[PDB]
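Sharing the initial chains of the complex here, in place:
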Amino acid sequence: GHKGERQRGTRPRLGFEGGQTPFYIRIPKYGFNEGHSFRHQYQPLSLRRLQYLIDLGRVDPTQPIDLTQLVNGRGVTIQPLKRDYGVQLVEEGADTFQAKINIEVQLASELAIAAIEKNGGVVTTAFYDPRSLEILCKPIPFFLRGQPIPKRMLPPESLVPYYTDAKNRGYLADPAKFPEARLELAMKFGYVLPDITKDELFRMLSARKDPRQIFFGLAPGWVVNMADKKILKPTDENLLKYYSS
């Protein structure tokens, strides 16, 4: 253009409206985004994606399902660094869901539970803390680090009611109250509870990891040596006390 400020290359900053109070500064501050960096994120999983994954052989329904086997089959993508705390099952696709599977997901829903239970499956909810989740999504590198497997901390006070509640199928919930809660849900959605015990794969379905276990078959405090193909367990009494806790 002609000679002037914008042509000299020295025009003001963005949001500067000539000298009147700018639009972005003259609006009241509100807490839309307050505490955003500490809010919990659960990468949702729908039942269409679950059934679709099972159909194509990218999830093994016969084996127990967990966050590791969802990530391994690329069914879900998880970013621990971005406050992801796990996967929440979602009600979308319940009607098409006709699969019996033992799925562990940090958050569950009423209707999502119905789809799993009606077809004769086990649904459980377990809390993984930020350190535990990173190892669960990405196991191999942790074994390469050489550090011992860590314990899994219990949920903080805010989440304690949820994971101790029978209706939510919490891992810490009382085993005795499960039957009644399942039956009430069964009546609500108009299906008859199937007898899992009679089912041949009762042991697999019923399988549940210890509340202090990140992986079903590995106890806290062990060390995995991939190069030698061995597992090392501490013999020290002091360390065993700490890990057993």
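Everything's here; your move. Residues are numbered from 1 along each chain as shown, chains lettered A, B, ... in the order given.

The residue sitting nearest the centre point of chain A and residue A:154: what is the separation?
Per Cα atoms, centre = their mean, the C-alpha nearest to the average position across chain A is that of residue A:86, at 2.1 Å. Distance of residue A:86 to residue A:154, computed by Cβ to Cβ, to the nearest Å: 15 Å. Every C-beta, even on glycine, is put in place using the N, C-alpha and C of the backbone.

So which residues of chain A form strands?
A:41-42, A:84-86, A:103-104, A:123-124, A:223-225, A:230-232 (DSSP state E).

Contact partners for residue A:143?
A:224, A:226 (Cβ atoms under 8 Å, 6 or more residues apart in numbering).

Can you give me every residue that contacts residue A:121?
Per Cβ under 8 Å, 6+ apart, neighbours of residue A:121: A:99-103, A:205.

Considering these, which possesses the most neighbours?
residue A:103 (25 neighbours; other Cβ atoms under 10 Å).

so how many other residues sit close to the closest residue to that residue other than its chain neighbours?
Closest residue in space to residue A:103, ignoring its immediate chain neighbours: residue A:65 at 4.4 Å, by Cβ to Cβ, 6 or more residues apart in numbering. Number of residues near residue A:65 (other Cβ under 10 Å) recorded here: 23.

Now do residue A:65 against residue A:101, distance only.
If you go by Cβ to Cβ, the gap between residue A:65 and residue A:101 works out to 6 Å.

burial count for the residue nearest to residue A:80 when sequence neighbours are not counted?
Leaving out its chain neighbours, the residue that sits closest to residue A:80 by Cβ to Cβ, 6+ apart is residue A:134, at 4.3 Å. A total of 18 residues lie near residue A:134 under the criterion other Cβ under 10 Å.

ok so, going back, find residues that contact each of residue A:65 and residue A:101.
With Cβ under 8 Å, 6+ apart as the test, residue A:65 and residue A:101 both reach residue A:59.

max-length helix in chain A?
helix A:178-188 (DSSP state H).

Chain B goes on too:
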Amino acid sequence: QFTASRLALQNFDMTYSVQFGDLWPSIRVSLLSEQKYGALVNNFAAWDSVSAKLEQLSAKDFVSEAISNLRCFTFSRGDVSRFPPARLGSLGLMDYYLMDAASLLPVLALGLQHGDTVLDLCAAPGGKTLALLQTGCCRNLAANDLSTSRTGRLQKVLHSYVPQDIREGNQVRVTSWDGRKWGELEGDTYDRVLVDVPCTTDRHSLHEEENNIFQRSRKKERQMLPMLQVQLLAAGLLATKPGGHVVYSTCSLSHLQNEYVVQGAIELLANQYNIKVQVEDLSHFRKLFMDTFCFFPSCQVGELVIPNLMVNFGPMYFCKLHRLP
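Chain B added:
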């Protein structure tokens, strides 16, 4: 450089001091000193209550001594006591109105009589209206004032004191129109007319910087005040009915604004409109009010209330004129 108050004091020293001479010292300090306020009763339901309460305060109605329909309680001679702030009555009407005792003389002088129609040109919230309303037992009235905001509060004052039923009656009429133009509107309409022309307000001018006539910008208005006063006084003379009585009131001590204006106006009416005015003497009225008011007899016409240290109720210059034809 000079404040309006400084200029106002300068004018009195060069002019007013000469007129009064040896009396000027006491008057000069009187104006600088705080003014004395006299409480005026609202009558109505609080008619008895205020009178009993004011007696407890030791204030005495100067009007009552004069008699021995307006009673205004005032403190004793040389008493500096301050009246308590006005308070609302049980009915919702203010118990009393604080005002300068001298300001009530023009109303008492106008000889209000029952079954009369009264005009109050440029009345403003000077208090004479409210006082006159209390006198207006059976008297239709009328109010006028050039400004609006000045007139706006005047209605508020009427709301506080005057009961709604009385105000609702046509008797109470509020308008804001030019006084000189008003003369043509209603000629020979009001038996009694009280005309309080805008004056230099010497007491207010010295104390108050706001809206002071002595400001340099307002030079034009100050010089033309005598001409405007004559026209307004002439307008009232036109409006008053045959045989009517009119009172012309000026706050200022100026000889030019007080005596020449009234006599000059009488001459103007006699020449242009061929009308005659009968002068009236209030010397007897002065004698009754000597205790509560002090006057000086130098003025050929009018009864000016000089502010005195013992009785600081001035300044009020009021002259009563009766329309002969």
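
What about the neighbour count of residue A:134 again, now that chain B is present?
By other Cβ atoms under 10 Å in any protein chain shown, the residues close to residue A:134 number 18.

Repeat that for the one 10 residues further on.
Counted with other Cβ under 10 Å, residues neighbouring residue A:144 total 11.

quick one: it and residue A:138, what's the gap?
10 Å.

Same check on residue B:108?
Distance of residue B:108 to residue A:138, given as Cβ to Cβ: 104 Å.

do the same with residue A:122
26 Å.

the more surrounded of these two?
Taking neighbours as other Cβ under 10 Å, residue A:122 and residue A:138 compare with residue A:122 leading, 21 against 13.

these two touch, right, that one and residue A:196?
Yes - the criterion here is Cβ atoms under 8 Å, and residue A:122 meets it with residue A:196 at 7.0 Å.

Kindly point out which residues are neighbours of both of these two.
Common neighbours of residue A:122 and residue A:196, counting by Cβ atoms under 8 Å, 6 or more residues apart in numbering or on different chains, are A:205-206.

If we ignore the residues flanking it in sequence, what's nearest residue A:116?
Once flanking residues are discounted, residue A:116 sits nearest to residue A:123: 4.2 Å by Cβ to Cβ, 6 or more residues apart in numbering or on different chains.

Name the residues that touch stretch A:214-230?
By Cβ under 8 Å, 6+ apart, the residues outside stretch A:214-230 that reach it are A:64, A:66, A:68, A:128, A:132, A:135-136, A:139-140, A:143-144, A:146-152, A:207, A:209-210, A:212-213, A:231-234, A:239-240, A:242-243.

Enumerate the positions of it that are buried.
A:214-215, A:219-221, A:224 (16 or more other Cβ atoms under 10 Å in any protein chain shown).

Could you do stretch B:94-106 as well?
Residues of stretch B:94-106 classed as buried by neighbour count (16+ other Cβ under 10 Å): B:94-106.

about what we covered before: excluding chain neighbours, what is closest to the residue nearest to the centre of chain A?
residue A:106 (3.0 Å).

show me where the stretch 151-300 of chain B has helices.
Remark: helices assigned in the stretch 151-300 of chain B by DSSP state H, counting those that start in this stretch are B:164-168, B:179-185, B:202-207, B:219-239, B:255, B:261-272, B:283-288.

Also put chain C in, sequence below:
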Amino acid sequence: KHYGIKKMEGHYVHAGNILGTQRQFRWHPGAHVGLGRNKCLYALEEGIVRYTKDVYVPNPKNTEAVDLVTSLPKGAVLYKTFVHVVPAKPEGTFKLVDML
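To build on what is shown above, here is chain C added in:
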């Protein structure tokens, strides 16, 4: 401010459309046209605005209007300009929800 007739004759008018804004009662409300406190006129039903002049009969209660009407001579009849909105839609239709 910017007082005028927003909706001219023949214009489709939705429920809440404001026909016009007036400082004083230049246009009086008509059928299916509500009157706002600020004296603006708003439609009430979908329709086509049509302006007509009709005899104005004031409510008995207000004194000023009644006195003025009486002051008029017997022969004379006053008129005012009104804004009307003729409904252009059927309020409802009947459909068979189910056969039982």
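
circling back to that earlier point, which residues touch the longest helix of chain A?
With contact meaning Cβ under 8 Å, 6+ apart, helix A:178-188 is reached by A:110, A:113-114, A:117-118, A:166-167, A:169, A:192-193.

can you rerun that using 10 Å?
Here helix A:178-188 makes contact (Cβ atoms under 10 Å, 6 or more residues apart in numbering or on different chains) with A:110-111, A:113-114, A:117-118, A:123-124, A:165-170, A:173-174, A:191-194, A:196.

buried subset of those?
Neighbour-count burial (16+ other Cβ under 10 Å) is assigned, among these, to A:111, A:113-114, A:117-118, A:123-124, A:165-170, A:173, A:196.

ok, so of those, who is nearest residue B:249?
Closest approach between the buried ones among the contacts of helix A:178-188 and residue B:249, by Cβ to Cβ: residue A:165, at 90.2 Å.

Which ones among the contacts of helix A:178-188 map onto helices?
Per DSSP H, the subset of those in helices is A:110-111, A:113-114, A:117-118.

Please produce a markdown table containing the residues you listed, extended by distance to residue B:123.
Output for the ones in helices among the contacts of helix A:178-188, formatted as a markdown table (distance: Cβ to Cβ, whole Å):
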| residue | distance to residue B:123 |
| --- | --- |
| A:110 | 81 |
| A:111 | 82 |
| A:113 | 87 |
| A:114 | 87 |
| A:117 | 92 |
| A:118 | 92 |
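
ok so, going back, my guess is the residue nearest to the centre of chain A meets residue A:104, correct?
Yes - here residue A:86 reaches residue A:104: they are 9.2 Å apart, a contact under Cβ atoms under 10 Å.

Now for residue B:253, how many residues are close by?
If you count neighbours by other Cβ under 10 Å, residue B:253 ends up with 25.

How about the contacts made by it?
Taking Cβ under 10 Å, 6+ apart, one finds B:12, B:15-16, B:19-20, B:24, B:27, B:31, B:199-200, B:202-203, B:304, B:306-307, B:314-315, B:317 in contact with residue B:253.
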